[PDB]
Each structure stands twice: as C-alpha cells, then as structure tokens.
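J.: heads up, no residue letters with this:
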C-alpha cells in the first residue's frame, strides 16, 4: 500500500533554446526532491522536511543523474520532431515516469516504467515485467529495438532492487510521517433544493492518508454523487458525497474497528 | 490528446463569518500544462497568491493548487477563473459556502 | 475486374532513415519508369486479405511505413489509411541468399532483381478494419482484429492488452488450445483467420487504446484500435434565492469539454454565466451546474462532443 514514483517531464519552449526539464519524486502522493531548471543556481532541492536528513552524496550523485536524464531528453525531442514533421513553433511535451509500488508486508506488489508523448501514451513496460507494449507506430520500433537490446532486464533490476531498497529507506528512515492516520470527523449536512432537488451530503474532512471509501445506504449502487479527492491547504484532504427516509453514510477509513454510521443529526 | 481541467474550489474550514481561515482553488487532471489560474473576489482579481510549483499525477495530467489566508464575510462572493488552452473561453467557478 | 496490381509508395526509416521507397502489392482479389527512389516487388500469395478495396482514392491519407525486422532478410511494413479506413501490418521474407547474384545499393545488401526490384513475398499479416470507435456507456462494442498466416509459421499466442490513463492491463490471452479473459468475459468466437474482439456492456474503465498483439513461430506482429466512450447527459433547470437565481444543472456526461451559454427571450445570446464546483457519479460520469441570476423567456443550450439539445424556462414576475 506504499509507492515511490519518479516523474520526469520535458517541454518544448519555442523561440527559447533551453527546453523546460523538470522532475518530481513522490512517496505515495507526498512530494519530495522536486527538481527544476528555472531555479536560481539549479540543483536537486528537497521540499519535504524529513528528506533534508540525507547526505550530500545524494545531491551530487543524483544531480548528475538529472543532468544525464536532461541532456538525454534534449537529444530526444529533436528525434521526436525528426520522426514527426510538425511545425517547430508548436510546444510539445514528452513525459517519463518510473516508480515501484510495494506492500506493507515487504513483498513487492507491482512496478511501473512508462513513457508518453504529448498526452498520448507512447511506450510502457508490461505487467509481465519482461515485455514492452507500444501505443503508436513510432513506438513500435522503439519497442522492438529495446527488446533486442533487452532493456527489460536492467529496468527490472532497478525496479526490483535499488528502487525497493530506497522505498524502504524513505518509509523506514522517516517514521514520524503518516501519523495523521486518517482521523476524519465525518458528519452529514442537509438543505432543501427547490422542487425537492435536494441531496444529503456526508463530509469527511481533515484526514490523511488520502485512500478512503465513502458510501451511502439505508443508495448502495448508482446512487450518491461525489467529487475527486481534493487536498486541503493544511496538508490534509477532504471529501463529500450527496444522495438524491432512513439513509446511512458508512465510511471506510483508518481507525479502530468502526466504519461510520450517520443520519440527519 | 488534450484533457480539459477538473476544477474544485473550496475552503479549508466550513465557512462561518467570524474569524480567519484560508481558501483554495484546486485544479487537477489537465493537459497540456499551459494553465493560467486567477483568484477573483467580487469580480476583481486578487493580486498576489502563492503559485505552487507544477506537480504531475500518475495519469500524465498535472495538478495545481492556489490558496490564500484571509477572513471570509457574508456580503462578498468569491470565484476562480481558469483559462487553459483546451477551453476557448475562461471558465469561472463560485465557492459554495454551504 | 479481379486481378489488380497495387502500388503504394512511402518512406523508409531505420535507425541504429530519410529514405523514400515504394511498396508494390503484386496481385490481389478485388470486388466491385517514374517516381521510384526505391521500390519493393511484394507479392501476396499463400496469404489473403479481407477488404483490399483501397483503390481509386481521391488523391488529386494512405501512410505506409517499412522497417527491416533486424541468409535471407526480413522486413515489416504497416500501411495505414487515414480517416475511416483500414490498417495492415505485414512481414516480408527474402529468398535465400546465394554466393552468385549479389546486387544492391547502398548499405551492401541483396538482391534487386533484373527488373530493378527486390521481388519478395509476404508470409504473415495482421489487419484491422476499424481504427477509432466511439460507443455509449452501457453499449457493447466489437473491435475487430483479423490476421492472415501462410501455411507454416503457425500461431502461438494472441494477447489483447489495453493502455489508458497511463496504465495498461491485459484483457485477454490465448494459446494453442485455450485462453483466458480478465474481468468481463469477452470472447472472440471466430489463410484468412479472425480474432475480432467483442466487449459487452462497456464501462468508463473500458475507455482507452486497445492493442491486439500476435506472437507466432518466429514472428510477432500487432495492430491497434482506439476506443472512446461517451454518455448522453441529462438536463434540468431550477430557480431559488427567493431574488431570483437559476440553476441549469447538467448531469451524467463524459468526457469533460462541455460549453454552456444562455439566451434571453422577449434572443440577445446573453453571454456571461458562472459555473460551480465539479462533481461526478460513482461510475465516473461527470455532472456540474452553472448558476445564474434572472430578471423579469430564457434558454440554457448545452454543447458537448455529442450533439446539441436546448431547453428554456420562462420567467414571470
């Protein structure tokens, strides 16, 4: 139920020489080691307070990693435009994601290593972890060539080895984190919309982690109405679900053996 | 493929006009990245907010969050204006203090 | 009549590029010294194709592409008609290489037959008749995927795999005698062989780019179909704040780009309405209302990727 993910992005700035290259790292959906090219004296900078405890070797070695992955994409965008006759004045983006998802029990759950171009998927690593799957004609050749090169074994080495050991390093080293433990104070509100278009709204606020399940019943299916999980400014998260006379809001969260039971109080 | 943004405007606290809180316009799931977001009070743009650095989701669709620390009242309406490149007209949303 | 010689010229790109060629399909069943640069004499015997009716095109967008698949040499070319057309991939085998006839330029290869052509036959192919398909939410779709195979070089396995939202999953797979499905049980149920996939009651999860992959004896080729899904929205209009306000609610729609204006009757196409926060339903279908204020006979037209439908409520005093 935990994951470490590296997000890399290259953007084509027309009329401006340096294409915008950015990288952000995450444990679960928590951001850390954000990296930018348009910052004063650019290097890897730590956003989180707990990551600041790492050594300088992390910053020099890793910043060399960023340089390699940056000049690489610099050379790669001209390859994209050389395969695709497109107006150079247009702004294009190519994104590269590489992460590993491990369960709390230590067993590796799944690993992802994918690449997309201009919002359209390009090439991805299959669930088999030994075969690639390409999304367009251009990525077909990249997939075959990468097959003959056997990139899947080295990438599998990184995703099964180094990345898992690092993930355990971030979740194990900084143990003070993840202590908000999702303690939502969920209560239901009600108004009367004209012509009886009203809805009952269960509200769960201020929790953390973000994984949570809102439900409603006596409403169990095709009923309710909800929004996407939204982060609050406090570093917490919030959510609400509305239903169109015994109705109950049950919530699955992190807590003592107790979901939730709520009517109009 | 270009993805129209998902806009949710809301506050950190339930809105009862009495003391100070903080409000946030949360935009997620959009592509490309050329996104221009403004916080509007009573029709006029709020001057200086905090434009957070860009963040990427697992779905290639980025997400940004703008916010301010202020005290809400009962005689003012607030809104969020966004003009991505996917929509031809700048969209504006009202914060429902209910 | 029936016997037809096809000539489709495209480019040739192989890295390790910029080299325009011209693929020829010798003779195909059809119902009812210029150009050049490079060209390959391709014949399609021992293997058949379904439609092959892409002739008399109003040229005055067929985009073919070749790529060497690495004695005899091997290639793969994929011809893609743009618009509402087909899409074919195919593998070409060269005759065995001899120590006598050695001709080609450049890149030091073989053979360029005395007619100035390569003169090779296709052995295996994968064709789709549909490229992008759009359905509704509850509907059921069939994404066809045919393939042809010469006697020999027999099948091994066929995998249906999709990619969407960033992540991808295997939908189906087969072997020499039996196969498996994931989630909904979406069978196919059939030298021209068929593996047309049929999906039942579609879901938002089903939206994405579907990929039909084929692994055979020494050859593995594949084709792709696009699947986009949309849901017809429901319409409503209300009034409150009394003085007064109007709420033109829109519910259960996919995708996300919906544009809404207003008109004020006695027209005036009253431009200027405010939206609200965005919400959606369990399945994933979105919903949002754009509030407004009235003054005393109205219309809240809605535009989506689906077609248009207006409605309006009067305003008394």
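T.: Right, received. Where do you want to start? Numbers count the residues shown, from 1 in each chain, chains lettered A, B, ... in the order given.
J.: near chain B, which residues of the stretch 1-150 of chain A?
T.: A:5, A:7, A:9, A:11, A:22, A:24, A:31, A:34, A:36, A:91, A:93, A:95, A:97, A:116, A:118-120 (C-beta under 8 Å from any C-beta of the partner chain). The way it works is simple: take the backbone N, C-alpha and C, and place the C-beta from them, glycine included.
J.: nope, the stretch 51-200 of chain C is what I was after
T.: Contact residues, the stretch 51-200 of chain C versus chain B (C-beta under 8 Å from any C-beta): C:165-167.
J.: I'd like those residues as TSV, with secondary structure, neighbour count and distance to residue C:111 appended.
T.: Compiled in TSV, those are given as follows (DSSP: H, G, I helix; E, B strand; the rest coil; neighbours: other C-beta atoms under 10 Å in any protein chain shown; distance: C-beta to C-beta, whole Å):
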residue	secondary structure	neighbour count	distance to residue C:111
C:165	coil	16	48
C:166	coil	18	46
C:167	strand	17	46
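J.: list, out of those residues, those positioned next to chain A.
T.: Answer for those near chain A (C-beta under 8 Å from any C-beta): C:166-167.
J.: out of the residues of the stretch 51-200 of chain C next to chain B, who's nearest residue C:293?
T.: residue C:165 (38.5 Å; C-beta to C-beta).
J.: give the contact list for the closest one.
T.: Shown in contact with residue C:165 (C-beta atoms under 8 Å, 6 or more residues apart in numbering or on different chains): B:59, C:208.
J.: check the gap between it and residue C:127 for me.
T.: 28 Å (C-beta to C-beta, to the nearest Å).
J.: repeat that for residue B:17.
T.: According to C-beta to C-beta, residue B:17 and residue C:127 sit 67 Å apart.
J.: ok, now residue A:42?
T.: 50 Å.
J.: so which of these two has more stuff around it?
T.: Higher neighbour count among residue A:42 and residue C:127: residue C:127, with 21 against 15, using other C-beta atoms under 10 Å in any protein chain shown.
J.: grab the nearest non-local neighbour of the more buried one.
T.: residue C:88 (4.6 Å; C-beta to C-beta, 6 or more residues apart in numbering or on different chains).
J.: just residue A:231 next, same as before
T.: Per C-beta to C-beta, 6+ apart, closest to residue A:231 is residue A:237, 5.3 Å.
J.: hey, what's the residue nearest to the spatial centre of chain B bridged with?
T.: Note on chain B: the residue nearest the mean C-alpha position is residue B:25, at 2.3 Å, using C-alpha atoms, centre = their mean. Following DSSP bridges, residue B:25 is listed with bridge partners residue B:9, residue B:66.
J.: and it, what does it touch?
T.: Per C-beta under 8 Å, 6+ apart, neighbours of residue B:25: B:7-9, B:37, B:39, B:65-67, B:80, B:82, B:93.
J.: residue in chain B with the shortest distance to chain C?
T.: Relative to chain C, the nearest point of chain B is residue B:4 (4.1 Å; C-beta to the nearest C-beta).
J.: what about that residue, how many neighbours?
T.: Neighbours around residue B:4, by other C-beta under 10 Å: 17.
J.: that one contacts residue B:85, doesn't it?
T.: No. Taking C-beta atoms under 8 Å as the definition, residue B:4 is not a contact partner of residue B:85, at 10.0 Å.
J.: you'd agree residue C:101 is in a strand?
T.: No. Counting by DSSP: H, G, I helix; E, B strand; the rest coil, residue C:101 is not found in a strand; it is coil.
J.: can you put the residues of the stretch 51-200 of chain C next to chain B in a markdown table and add distance to residue C:181?
T.: Shown next, in a markdown table, are those (distance: C-beta to C-beta, whole Å):
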| residue | distance to residue C:181 |
| --- | --- |
| C:165 | 21 |
| C:166 | 23 |
| C:167 | 19 |
